Chemist: 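Starting off with a structure, shown below.
Protein chains get the first letters and strands the later ones, always in sequence-line order, with residue 1 at the start of each. Just so you know, these numbers use all the heavy atoms, side chains as well, and skip hydrogens, waters and symmetry mates.
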Protein chains: 2
Amino acid sequence: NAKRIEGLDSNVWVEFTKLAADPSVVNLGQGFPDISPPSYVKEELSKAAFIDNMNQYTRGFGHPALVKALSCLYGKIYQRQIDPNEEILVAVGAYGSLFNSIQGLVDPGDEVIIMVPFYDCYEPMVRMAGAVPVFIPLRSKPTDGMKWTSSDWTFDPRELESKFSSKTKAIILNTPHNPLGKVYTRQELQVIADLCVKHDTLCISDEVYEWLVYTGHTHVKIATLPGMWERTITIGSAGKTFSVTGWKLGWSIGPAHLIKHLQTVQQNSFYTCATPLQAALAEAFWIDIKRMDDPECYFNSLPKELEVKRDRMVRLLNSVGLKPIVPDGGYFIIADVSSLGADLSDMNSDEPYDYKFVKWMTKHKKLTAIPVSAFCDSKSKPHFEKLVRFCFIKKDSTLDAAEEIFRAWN
Amino acid sequence: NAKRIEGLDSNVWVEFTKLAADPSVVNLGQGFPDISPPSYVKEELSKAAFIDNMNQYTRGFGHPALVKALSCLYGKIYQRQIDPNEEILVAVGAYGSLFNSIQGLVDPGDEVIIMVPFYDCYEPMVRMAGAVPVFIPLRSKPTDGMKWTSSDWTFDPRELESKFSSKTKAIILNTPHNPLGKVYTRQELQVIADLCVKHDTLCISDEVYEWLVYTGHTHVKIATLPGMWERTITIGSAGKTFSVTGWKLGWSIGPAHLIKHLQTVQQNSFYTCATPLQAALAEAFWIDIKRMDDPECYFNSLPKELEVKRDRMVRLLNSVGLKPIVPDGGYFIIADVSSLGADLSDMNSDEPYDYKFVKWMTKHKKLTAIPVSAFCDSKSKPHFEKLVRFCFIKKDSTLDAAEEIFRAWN
Ligand SMILES: Cc1ncc(COP(=O)(O)O)c(CN)c1O
Ligand SMILES: Cc1ncc(COP(=O)(O)O)c(CN)c1O
Ligand SMILES: NC(=O)CC[C@H](N)C(=O)O
Ligand SMILES: NC(=O)CC[C@H](N)C(=O)O
């Protein structure tokens, strides 16, 4: 192995393969939608398949009709003109966008601030770049009494500030947050923005779940706050927006002077993304862009549908004594499992509690989930290891099977 | 920009975004097939599109049906049992496979040997890894007097040996060769094998054009030579194999102890490739794998169809005083351009001779092509700068438009 990848060969997802290959297990762990994607998304891909040209090379930095649809949709959200060619880069998922961003912008010995828990890829991407991840946790605060929510988690602005130094190149922001479901507030973003401007750092903002925010909350884009446009890369994903995780297309949106460096990594790595997927996606966008104010727009109908499933899930977790944290956004929910005081007596590894719990739940109850300590750096693990993450982008019948397990639990 | 991409922002193909544009020009430049993909390749993509699961995330290192198909096909070629999970990585094109190999295997300060002319991405990919490209040119031999062919180019084994030191990490091999169409001989591969074994170096073998070898030549895989399986990564491409360049799926095949490091790059960069493309590509493979014996197999029928088109191009180029180098393989043909009359003081730009010629032929003859100096490091360019490359993976009607241009040349 090359030095840049020393110790980066472990991967939580490669780790979690085994859990649910067993067909009789209900899998609420990985973010695999088993709802149907919209009919027209599948239709448009079939249509593109039969056009010879759409099966040949397209523009390296993104299919022209696609980046054009992206600049239209995001121009409305940002309330500014987005340049399709210079301010957008289409990459292989939000992963590939994150990869372009760190690879083109982050040097060895640079510091990168990461909020804990974090989508697991952030830490190894920062390391393969020779950079130093700097961790800060989200801490709970007292609850309103009736409900535990994502909004009861936040950061200490004084603690955040202390993480910023002359070596900080960037901070990574994930809102709506995976695994917590947190929708960052304008006040939180403002504290983040103040510091990035004051230290002259970048913000890389992972916003794949941007459409999935629930009543009481709103997606705010940090790159729309004063001084932030010039210093933010904001990332979206086809998989999340159209429920086609398997298309693996995302985009980075930001200023031309930053996006050019992302574009230089891409030209020198995989170069271009698939033409047929990008062609179909452009069409899907236009179909929904043109009804953005209608309920039937997929940007509106999916979170509306997911809010119902979310609520059903919180009731299911409650019925067995799991303390759910009701998410403001996204399609994951965390439950504290410690009030079950489960029977993990003879799992004798040095794994965190949540991993043992999940292995135990899979074997005994036939239900899998993801340990939140998978989204934590070594020192943070003991502070989050009683927490397990459940996925609810699932068809009713799947959540029915889940309900059968919760009803039979004792 | 990050330091790692310093000076790597210029891209040959980004630059040629000049006169491919104008409507009336016959483009024989970029490797863009304008023939149809096989009908079943297209139908299989349409069918995967309508299966919901084929739109969601698949195995990270390659869709299981696709790695199994590639296992079975390549295991016949190699006469060995290839492990589909450990000895194969599906990536985003041959580009992505090349990136995985260099990123996962090559350190700052390593030397990487590259044979000139080289497919252009080799050099910046080695520079991005902090390594030193060590150039050796292919050189001409006396012809049989009758015709000029790719096999009249070779390398000096003694000069190659002198490129190997204790800093050498690897040699990049490209057979059949782009741009010049060379199908490296068993005796050439043996000289490279002897030196990788003696120095304990890697060979990264880029064999995207492996099926496209014409009469009197045989694709031989260096990884099949004694002692080479354990030091070789061999790369393939869907875009070349099934004439669907826009699908951006390639693969690396080789021993587990090397493939795992490519796997580590990929899990940390883009992770997963697209599911519907991989599903459809697995089915396109099973179809052709079952009929390898038969002339109807795409592995057989395409090289046959293209050989006719190569022979046509060589007649058309001869017709106008461009001396073609007849390719053993691939879908590019170089023509020597020096026996024509120049223009070219209307430029004076002292950029290479071939770049001036290609601008002159675009403007005045309405035909584009690629200057060979684009595939050459700085010191080599004077040895190759009268050479121009043409693509013939084109429909009959495109080649007729080309015919009409040659007919009207004088
Ligand atoms: C926060 C976050 N970022 C990025 C991704 C990956 O995005 P993509 O599938 O487009 O590569 C995910 C989905 N696993 C995610 O939850
Ligand atoms: C020799 C060679 N290797 C790799 C590639 C790129 O392969 P892909 O399109 O699958 O990424 C090309 C482009 N045709 C090539 O000519
Ligand atoms: N590698 C994957 O597909 C994992 C993604 C899934 N959304 C997760 O966060 O759990
Ligand atoms: N998209 C591309 O860069 C096409 C490259 C093509 N194979 C060529 O060599 O001309």
Chemist: Is A/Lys47 paired with A/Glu283 through a side-chain N to carboxylate O contact shorter than 4.0 Å?
Modeler: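 No, this pair does not count.
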Chemist: Report yes or no: do A/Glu87 and A/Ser71 form a side-chain donor-acceptor pair below 3.5 Å?
Modeler: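 No, A/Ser71 and A/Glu87 have no side-chain donor paired with an acceptor closer than 3.5 Å.
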Chemist: Counting only heavy atoms not in B/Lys18 (residues, nucleotides, ligands), do more than 12 fall under 6.0 Å from its NZ?
Modeler: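 Buried by this count: over 12 neighbours within 6.0 Å.
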Chemist: So which atom in B/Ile222 and which in B/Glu207 form the shortest heavy-atom distance, rounded to 0.1 Å?
Modeler: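 It is N-OE2, 4.1 Å.
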Chemist: When you compare the side chain of B/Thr241 with that of B/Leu281, does any pair of heavy atoms fall below 4.5 Å?
Modeler: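 With C-beta onward as the side chain, the pair stays apart.
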Chemist: Rounded to the nearest 0.5 Å, how far does NZ of B/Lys359 lie from CG of B/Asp346?
Modeler: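 Interatomic distance, B/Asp346 CG to B/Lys359 NZ, rounded to 0.5 Å: 9.0 Å.
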Chemist: Does CZ in B/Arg291 sit with more than 12 non-hydrogen atoms of other residues, nucleotides or ligands closer than 6.0 Å?
Modeler: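 Above 12, so yes.
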Chemist: Got a donor-acceptor contact below 3.5 angstrom from the A/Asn100 side chain to the A/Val265 backbone?
Modeler: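 The answer is no, because no donor-acceptor pair under 3.5 Å joins these two groups.
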Chemist: Closer than 4.0 angstrom, basic N to acidic O: yes or no for B/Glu188 and B/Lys182?
Modeler: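 A salt bridge is present here (some side-chain N lies under 4.0 Å from a carboxylate O).
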Chemist: Examine the side chains of B/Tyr298 and B/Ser243 and answer whether a donor and an acceptor come within less than 3.5 Å of each other.
Modeler: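 Indeed, the side chains of B/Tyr298 and B/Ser243 share at least one donor-acceptor pair under 3.5 Å.
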Chemist: With a 3.5 Å cut-off and no angle check, do the side chains of B/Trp13 and A/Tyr271 form a donor-acceptor pair?
Modeler: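 No, no side-chain donor-acceptor pair sits under 3.5 Å.
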Chemist: Decide whether a cation-pi geometry holds between A/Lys42 and B/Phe50; the criteria are a distance under 6.0 Å from NZ or CZ to the six-membered ring centre and an angle within 45° of the ring axis.
Modeler: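 Cation-pi check for A/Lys42 and B/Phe50: fails.
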Chemist: Measuring from B/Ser101:OG to B/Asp206:CG, what's the distance to the nearest 0.5 Å?
Modeler: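 These two atoms lie 9.5 Å from each other.
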Chemist: State, to 0.1 Å, how close B/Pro295 and B/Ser301 come at their nearest heavy-atom pair, and which atoms those are.
Modeler: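 Nearest pair, atom of B/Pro295 first, then B/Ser301: O-CB, 3.5 Å.
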Chemist: Once the angle between the rings of B/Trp251 and B/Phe285 is folded into 0 to 90°, is it parallel (under 30°), tilted (30 to 60°) or perpendicular (over 60°)?
Modeler: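 Ring orientation of B/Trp251 relative to B/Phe285: perpendicular.
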Chemist: Between the side chains of B/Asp396 and B/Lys309, is the shortest nitrogen-to-carboxylate-oxygen separation below 4.0 Å, so that they form an ion pair?
Modeler: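 Here B/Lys309 pairs with B/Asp396 in a salt bridge, since their nearest N and O are under 4.0 Å apart.
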Chemist: Can you see whether B/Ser373 engages B/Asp354 through a side-chain donor-acceptor pair at a distance of less than 3.5 angstrom?
Modeler: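 A pair is found: one side chain offers a donor N or O, the other an acceptor, under 3.5 Å apart.
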Chemist: If we only count heavy atoms from C-beta on, is the B/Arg127 to B/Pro133 side-chain gap below 4.5 Å?
Modeler: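 Yes, at least one pair of side-chain atoms sits under 4.5 Å.
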Chemist: Do you know which two heavy atoms are closest between B/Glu44 and B/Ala284, and how far apart they sit?
Modeler: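 B/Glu44 and B/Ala284 have their closest heavy atoms at CG-N, 4.5 Å.
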Chemist: Can B/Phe357 and B/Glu385 be said to form a side-chain contact (heavy atoms from CB on, under 4.5 Å), step by step?
Modeler: CA-CA 10 Å; B/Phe357 189 89; B/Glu385 87 179 283; over 6 Å; no
Chemist: Do the ring centers of B/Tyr355 and B/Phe16 come within less than 6.0 Å of each other?
Modeler: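 Yes, they do, as the ring centres are separated by less than 6.0 Å.
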Chemist: Could you walk me through whether A/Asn55 and B/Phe242 pass the side-chain contact (heavy atoms from CB on, under 4.5 Å) test, one step at a time?
Modeler: CA-CA 10 Å; A/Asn55 297 105; B/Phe242 288 109; over 6 Å; no
Chemist: Would you say B/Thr245's side chain and A/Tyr57's backbone share a donor-acceptor pair under 3.5 angstrom?
Modeler: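 Not at all, since once roles are kept as given, no pair shorter than 3.5 Å links the two residues.
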Chemist: Does A/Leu262 form a side-chain contact (heavy atoms from CB on, under 4.5 Å) with A/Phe61? I'd like the steps, not just the answer.
Modeler: CA-CA 10 Å; A/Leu262 276 68; A/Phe61 305 151; over 6 Å; no
Chemist: Calculate, to the nearest 0.5 Å, the distance between atoms CD1 and CD belonging to B/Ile136 and B/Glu159 respectively.
Modeler: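 It is 4.0 Å, given to the nearest 0.5 Å.
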Chemist: Around B/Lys365, counting heavy atoms of other residues, nucleotides and ligands shown, do more than 12 lie under 6.0 Å from its NZ?
Modeler: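 Yes, because the 6.0 Å sphere around NZ of B/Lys365 holds more than 12 heavy atoms from other groups.
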Chemist: Are B/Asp9 and A/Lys260 packed together at the side-chain level, in the sense that at least one heavy-atom pair is separated by less than 4.5 angstrom?
Modeler: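 No - every pair of side-chain heavy atoms lies 4.5 Å or more apart.
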Chemist: So which heavy atom on A/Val90 is nearest to which on A/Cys273, and how close?
Modeler: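 Residues A/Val90 and A/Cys273, closest heavy atoms: O-SG, 3.8 Å.
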Chemist: Could you tell me whether the side chains of B/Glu307 and B/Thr215 share a donor-acceptor contact shorter than 3.5 Å?
Modeler: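 The criterion, which ignores hydrogens and geometry beyond distance, is satisfied for B/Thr215 and B/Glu307.
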Chemist: Going through the distances and angles, do B/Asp328 and B/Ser151 end up as a side chain to side chain donor-acceptor pair (under 3.5 Å)?
Modeler: CA-CA 7 Å; B/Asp328 310 325; B/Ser151 282; 2.8 Å; yes
Chemist: A side-chain contact here means heavy atoms from C-beta on lying under 4.5 Å apart; do B/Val116 and B/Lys379 qualify?
Modeler: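 No. Closest side-chain heavy atoms not under 4.5 Å.
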Chemist: Does B/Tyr184 reach the main-chain N or O of B/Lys221 with its side chain, forming a donor-acceptor pair under 3.5 Å?
Modeler: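 Checked: no pair found.
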Chemist: Do you know which two heavy atoms are closest between B/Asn318 and B/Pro324, and how far apart they sit?
Modeler: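 Reported closest heavy-atom pair: OD1-CD, 3.3 Å.
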Chemist: Does some side-chain heavy atom of B/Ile370 sit less than 4.5 Å from a side-chain heavy atom of B/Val358?
Modeler: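 Counting from C-beta outward, B/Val358 and B/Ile370 never come under 4.5 Å.
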Chemist: If you measure from CG on B/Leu173 to SG on B/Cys203, what distance do you get to the nearest 0.5 Å?
Modeler: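 Nearest 0.5 Å value for the CG-SG distance: 5.0 Å.
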Chemist: So, does B/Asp144 use its side chain to make a donor-acceptor pair with the main chain of B/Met146 at under 3.5 Å?
Modeler: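 Looks like yes, one N/O pair under 3.5 Å.
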Chemist: Locate the shortest heavy-atom distance separating B/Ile171 from B/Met115; write the atom from each residue and the value.
Modeler: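 Answer, listing the atom of B/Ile171 first, then B/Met115: CD1-CE, 4.0 Å.
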Chemist: Taking it one step at a time, do B/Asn178 and B/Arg389 satisfy side chain to side chain donor-acceptor pair (under 3.5 Å)?
Modeler: CA-CA 10 Å; B/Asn178 179 6; B/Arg389 177 201 86 174; 3.0 Å; yes
Chemist: For B/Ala49, is there any backbone N or O sitting under 3.5 Å from a side-chain donor or acceptor partner on A/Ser46?
Modeler: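 It does not hold such a pair.
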Chemist: Could you tell me whether B/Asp400 and B/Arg312 make a salt bridge, using a distance below 4.0 angstrom between a side-chain N and a carboxylate O?
Modeler: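 Salt bridge flag = yes for B/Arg312 with B/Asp400.
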Chemist: Aromatic contact between B/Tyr95 and B/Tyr119, with the criterion being ring centroids under 6.0 Å apart: yes or no?
Modeler: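 Ring-ring flag for B/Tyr95/B/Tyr119: true, centres closer than 6.0 Å.
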Chemist: Between atom CD of B/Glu123 and atom CG of B/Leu8, what is the distance when rounded to the nearest 0.5 Å?
Modeler: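 B/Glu123 CD to B/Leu8 CG: 8.5 Å, rounded to 0.5 Å.
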Chemist: Can you tell me if B/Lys394 uses its side chain to pair, donor with acceptor, with the backbone of B/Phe32 under 3.5 Å?
Modeler: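 It does hold such a pair.
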Chemist: Heavy-atom distance under 4.5 Å between the side chains of B/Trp247 and A/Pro276, does that happen here?
Modeler: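 Yes, their side chains come closer than 4.5 Å.
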Chemist: How many angstroms lie between atom CZ of B/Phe392 and atom CD1 of B/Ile35, to the nearest 0.5 angstrom?
Modeler: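 Atom-to-atom, B/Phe392:CZ and B/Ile35:CD1 are 11.5 Å apart.
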Chemist: What is the ring orientation for B/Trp153 with B/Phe384, classed by angle as parallel under 30°, tilted 30 to 60°, or perpendicular over 60°?
Modeler: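 Parallel, since the angle between the ring planes stays under 30°.
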Chemist: Should A/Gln263 and A/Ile259 be marked as a side-chain contact (heavy atoms from CB on, under 4.5 Å) after you check the CA-CA gap, both sets of side-chain angles, and the distance that decides it?
Modeler: CA-CA 6 Å; A/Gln263 289 178 347; A/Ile259 292 277; 3.6 Å; yes
Chemist: When you measure from the side chain of B/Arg139 to the backbone of B/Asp156, do you find a donor-acceptor pair of N or O atoms at a distance under 3.5 Å?
Modeler: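 No: the side chain of B/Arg139 does not pair with the backbone of B/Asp156.
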Chemist: Side-chain contact, heavy-atom cut-off 4.5 Å: B/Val112 with B/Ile204?
Modeler: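 No, side chains not in contact.
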Chemist: Please find out if less than 6.0 Å separates the ring center of B/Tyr331 from that of B/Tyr209.
Modeler: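 Judged by ring-centre distance (under 6.0 Å), B/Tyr331 and B/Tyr209 do meet the cut-off.
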Chemist: Hey, are the side chains of A/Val41 and A/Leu45 touching, using non-hydrogen atoms and a 4.5 Å cut-off?
Modeler: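 Side chain of A/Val41 against side chain of A/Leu45, heavy atoms only: no contact under 4.5 Å found.
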Chemist: Under 3.5 Å, side chain of B/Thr143 to main-chain N/O of B/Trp148, donor-acceptor pair present?
Modeler: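 Such a contact is absent between B/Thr143 side chain and B/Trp148 backbone.
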Chemist: Looking at A/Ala274, is its backbone amide N or carbonyl O close enough to the side chain of B/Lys248 to form a donor-acceptor pair, meaning the two atoms are under 3.5 Å apart?
Modeler: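 No; judged by distance alone, with no hydrogens or angles, the pair does not exist.
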